[PDB]
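Below you will find one chain, with nothing else, as structure tokens; this is the form deposited in one PDB entry, and questions on how it binds or moves follow later.
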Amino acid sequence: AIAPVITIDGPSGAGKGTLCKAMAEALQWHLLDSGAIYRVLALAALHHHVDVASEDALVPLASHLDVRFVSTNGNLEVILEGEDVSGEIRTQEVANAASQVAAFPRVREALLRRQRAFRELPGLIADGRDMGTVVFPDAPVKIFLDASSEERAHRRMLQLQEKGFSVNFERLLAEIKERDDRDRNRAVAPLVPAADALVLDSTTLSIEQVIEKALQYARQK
């Protein structure tokens, strides 16, 4: 046969990570965190002293990327050149370089096959920005998860406060809107929902409500 795919695209902080984890465990399917791929590439670029603003330098790197994602266990592992870098790919230095690296056409092309190879029995839950528009446009189920920038800033703020970091609302809001513009105003694979995508706005919905509506739509298809 051929493996079914559910694509979940959306902006930063929309809750994609949580939803993809809940669905993959519910359905007992495979999970693809596409953002982690651009993040590992960026980190390997930072470590190997490759200029992140140079498409020519990045290609040999993207095409020779030694990385493994260790099979869901309950928590996910990202292994770069044999080292577990799961925590390091989540730092600001990496997320920043990742947006630059992601903006190159030839870099994105070098990563297509790698991503598509995740589609396997019994199915794939793909998390990203362009899963339903570029990598899996043939996806039978497409969901575009969104939320207001103000709500997303508030959510990020409460997270930081739980960890004991000082932050003020105004800066978080400016930071997420900048991430939005770069994602949406991107010339290559910009953040735009698929024509056949279920637009799911979580602004005033709880995590359980998002999950429930997601799995119902998916099963009803």
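Rigid core (definition): largest C-alpha set, two forms, superposition within 1.5 Å. Quick note: we count residues from 1 along the sequence shown, nothing fancier.
Absent from the display: the form deposited in another entry. The rest refers to it.
Core-superposed comparison between the shown form and the other one: the Cα of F144 travels less than 2 Å. When the rigid core is held fixed, the Cα atom of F104 travels 2 angstroms or more between the shown form and the other one. Once you line up the core between the shown form and the other one, the Cα of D196 stays within less than 2 Å of where it was. In contrast to the form presented, in the other form the C-alpha positions of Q28 and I79 draw closer by 3 Å or more. Relative to the shown form, the CA atoms of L121 and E83 are brought 3 Å or more closer together in the other form.
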